[PDB]
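Q: based on what follows, work out the 3D shape:
(one chain, ligands or ions: 1)
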Amino acid sequence: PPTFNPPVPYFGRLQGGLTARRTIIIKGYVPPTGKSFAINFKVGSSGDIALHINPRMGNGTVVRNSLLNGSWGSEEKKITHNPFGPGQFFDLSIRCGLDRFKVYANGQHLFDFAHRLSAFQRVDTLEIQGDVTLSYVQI
Ligand SMILES: OC[C@H]1O[C@@H](Cn2cc(-c3ccc(F)cc3)nn2)[C@H](O)[C@@H](n2cc(-c3ccccc3)nn2)[C@H]1O
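A: Numbers count the residues shown, from 1 in each chain. You can find the structure just below:
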């Protein structure tokens, strides 16, 4: 998929895998009629999701979880701000740290997500699906 105006669903290969210090940029638009989209940091061969980010416009929630061997873990929903309202442009920054994913939206800290798949270098797929339009995705 291209870096600029990639269509959804976006399927991108993280070559060498998710290494520490790896920063993924997503700039995009939530349509006015959008219900939900997902960003998945996924182990393709197994289907596992180290980090799943699910903005849901219905209740204005930003749901974080992992899918590890067909099990959805505890949901993390705590935010100080929701930048994914209908008709909103967003500049999302996702850094894979040693112990935690670190996610900023429009320069403002959104959430931390402690690693659940400790072996996160096995993540080789970035996937963006659902009610989102993409202007730029940097892997
Ligand atoms: O906790 C995060 C997940 O919630 C799922 C709903 N759900 C949650 C649970 C659940 C069950 C037990 C738990 F301890 C925790 C959670 N069971 N079913 C969504 O289907 C699941 N999801 C949404 C999507 C999705 C894909 C493409 C576009 C938009 C959404 N894919 N998977 C994800 O949001």
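Q: and the chain, which of its residues are near the ligand?
A: The chain comes close to the ligand at residues 36-38, 52, 54, 63, 65, 72, 74-75, 129-130, as judged by Cβ under 6 Å from any ligand atom. No exception for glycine: its C-beta is placed from N, CA and C like everyone else's.
Q: and the nearest residue to residue 127 once chain neighbours are set aside, what element?
A: Excluding the flanking residues, the one nearest residue 127 by Cβ to Cβ, 6 or more residues apart in numbering is residue 40, at 4.1 Å. Assigned by DSSP states H and E, residue 40 falls within strand 37-43.
Q: in this protein, which residue sits nearest the ligand?
A: Here the residue of the chain nearest the ligand is residue 130; by Cβ to the nearest ligand atom that distance is 3.1 Å.
Q: hmm, back to that, can you tell me which residues contact the residue nearest to residue 127?
A: By Cβ atoms under 8 Å, 6 or more residues apart in numbering, residue 40 lies in contact with 49, 51-52, 125-129.
Q: swap in residue 13?
A: For residue 13, the contact set (Cβ under 8 Å, 6+ apart) comprises 124-125, 139.
Q: which residues does the most centrally placed residue in the chain bridge with?
A: Centroid-nearest residue in the chain: residue 39, 3.3 Å away (criterion: Cα atoms, centre = their mean). Bridge pairing for residue 39 (DSSP bridges) gives the partners residue 53, residue 128.
Q: show me what contacts it?
A: 26, 51-53, 92, 94, 126-128.
Q: ok, now with 7 Å
A: Contacts for residue 39 (Cβ atoms under 7 Å, 6 or more residues apart in numbering) come out as 26, 53, 128.
Q: so how far is the helix or strand harbouring the first one off the chain centroid?
A: By that I understand residue 26. Per DSSP H and E: residue 26 is located in strand 23-29. Here strand 23-29 is found 9 Å from its chain centre; the criterion is Cα atoms, centre = their mean, to the nearest Å.
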